[PDB]
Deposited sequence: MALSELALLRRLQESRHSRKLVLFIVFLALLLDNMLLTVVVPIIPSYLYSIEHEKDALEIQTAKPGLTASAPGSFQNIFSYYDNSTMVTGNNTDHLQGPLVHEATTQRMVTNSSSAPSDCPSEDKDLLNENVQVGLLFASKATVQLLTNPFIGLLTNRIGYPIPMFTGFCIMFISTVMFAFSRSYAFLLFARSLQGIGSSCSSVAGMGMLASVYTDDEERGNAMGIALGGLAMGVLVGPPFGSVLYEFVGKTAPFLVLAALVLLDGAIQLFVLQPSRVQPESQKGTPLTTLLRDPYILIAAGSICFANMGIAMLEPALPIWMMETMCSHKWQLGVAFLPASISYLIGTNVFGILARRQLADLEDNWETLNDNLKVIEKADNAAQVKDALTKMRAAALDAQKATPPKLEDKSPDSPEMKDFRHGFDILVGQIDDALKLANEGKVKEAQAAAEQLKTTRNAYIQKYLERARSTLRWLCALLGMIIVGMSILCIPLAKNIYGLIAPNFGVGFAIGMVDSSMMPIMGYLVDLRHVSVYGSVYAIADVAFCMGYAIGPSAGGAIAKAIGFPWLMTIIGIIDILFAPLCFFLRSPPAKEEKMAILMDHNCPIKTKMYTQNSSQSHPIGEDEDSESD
């Protein structure tokens, strides 16, 4: 009823503000120019790295809590970006914006999916939310440019912060240790996208003159993704087989021997047996814990692999020296997906919209002139091109 419409409005505004914050910086780029590529892609990289952790956190705790802290982070980071003047401060504010926007978007989409039960209504709500997400990137630049050129210099950022604050207030009123681990995760995700070397002294002449070297250096990520997509399946099959192999003995005067080898919840189960439903419940209750632990392990392993590869990239003097790191990165981005797809399905849509809007805006701003070459965003774009049309 009224609550469903309120939730839909809140989620729509959250996604719209997310993409507006992503794209609004395009008309201001020449003014700063009087390095740019990394400053532009930092938010997208951070969000694309940190989405699955927020998904798992919302699965564990719940939906309403992450949205408020996401709104607060977005507000604080937007204000800091508005009032900052130094390159490092701008980059830090951009990364904070990325984390906050990712958390808010994922949690809001999850709650909106949870509220609607009927299939067709759920599809309509998803369509409206994704439409707002997609049209934010187009409404960004004109709104930003008109406010920038009529009134003030930092007006668009303050207006967006005010909108964020108003939406948070509407969510709060009208609607009716682990901490160190979360801090470490946030800091690692910031650090991965904050620092990136490129060796532009000889790399520029390399890509401009000959592109076949670029292709042979950058395509093996596609093979690595396919190789790494199977890890969760393999491990889950092994874990499922292991428990049933043990329980086969219990499956089989001998009953007293079975009770003896059983020998305190398991003891109580063995006593109350002397059935099939009990062992079914036992398997189900252990299986979920195994799944959750394995998902956490694979997410951490993927983050570690990406960090190690980005730390190992700069120590190369040839194009072929770039073959080894790429094979790493495309692996990790695969593995994480293998654990997240069965439970949540809108991560593909969010990543696709973000990447495609970023490419659209970059093409527009590049055409506008008449800036640096991002490394991880190229891999993300290649993977998206190859495997998002196939998935749909």
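Comparing the deposited sequence with the modelled residues shows gaps at 1 to 15, 50 to 132, 275 to 295, 372 to 383, 395 to 422, 434 to 452, 549 to 562, 585 to 630, with numbering starting at 1.
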